[PDB]
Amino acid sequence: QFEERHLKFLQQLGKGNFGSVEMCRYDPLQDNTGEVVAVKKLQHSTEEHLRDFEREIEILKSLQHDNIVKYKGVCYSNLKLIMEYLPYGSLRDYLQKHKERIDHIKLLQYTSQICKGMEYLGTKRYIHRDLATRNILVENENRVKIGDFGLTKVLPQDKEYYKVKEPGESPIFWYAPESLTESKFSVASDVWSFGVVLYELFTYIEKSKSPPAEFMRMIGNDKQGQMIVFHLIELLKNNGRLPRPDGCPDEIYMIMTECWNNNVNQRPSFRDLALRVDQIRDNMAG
């Protein structure tokens, strides 16, 4: 395992749900020849959150895929999850800062990699529940990886869905209708979120074009607080949806809209999404 005393703090990487990820140098020979790693810990350790974190850690190390962040180990005294450090950071920050370097062909390359990572999750009956570009990490210009699994759950053997309502704030603008109304999470709800991720990528993370900003504008910024979810539910019920991003090809927007089907069973599979995206990639190449 990783020893506490040999882990040197370098900087804070992010804060989500109930954790924090820090950039650290694991230097066991204290001879600055050690590798930099990412360390995740609960920002406020609760026994309920500790049990969830333990599960999260088991989920991540049971995963080995090119498009999933690598598990490196754990650190015991306050439990800490040690993961590989991806130098380019989250896709959301990377894309926002590098839009001039990233074209549509590369956006589809990332899209394809995200789908393959998700199809791999589904093969283990894992439901991510938090897909968004901020949870995708960039290893290099050509490779992205799903980098966080804090809300990931395992489907029960007898059901094709999982019910769960956690205390606090949820990323409601990335949530499928049945996740908002019934707290139901499934591969199909991950697909709905994947559609939002696709939307995100093609907006190049323009601040005014974010899902929260767009939906709040459609719902009315003169909205309340507890009623926000209620109005979001109604908007989606009446087929209100995120607009086609500026410059987005019509065939890409259709993938988005198909993922945003109110009918859970009509949403495409991740396997099919990969095939349609790779087909469009090839048609844009030659």
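The term rigid core refers to the maximal set of C-alpha atoms that superpose within 1.5 Å between the two forms. Residue numbers run from 1 along the displayed sequence.
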RMS CA shift, core-fitted in 7 other deposited structures of this protein, bigger for 232-240 or for 39-47: 39-47
Positional deviation of Cα atoms in 7 other deposited structures of this protein after core superposition, greater for 144-152 or 178-186: 144-152
Residue gap status of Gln12, at least a third of other entries: no
Coordinates absent for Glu100 in a third or more of other entries: no
Extent of unmodelled deposited sequence, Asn78 relative to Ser77: 4 to 9
Of 10-18 and 258-266, the one with larger mean CA B-factor: 10-18
Greater mean Cα temperature factor according to the PDB record, 101-109 or 84-92: 101-109
Given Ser186, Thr133, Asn140, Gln157, the residue at which the Cα B factor reaches its maximum: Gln157
Residue with maximal Cα B-factor (values as given in the PDB entry) among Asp31, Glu35, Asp246, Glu58: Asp31
CA B-factor ranking of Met218, expressed as a third of its chain: highest
Chain thirds of CA B-factor: placement of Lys72: middle
Ranked C-alpha temperature factor of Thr123 among modelled chain residues, by third: middle
Ranked against its chain, the third holding the CA B-factor of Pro211: middle
Modelled-residue ranking by C-alpha temperature factor, third containing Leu242: middle
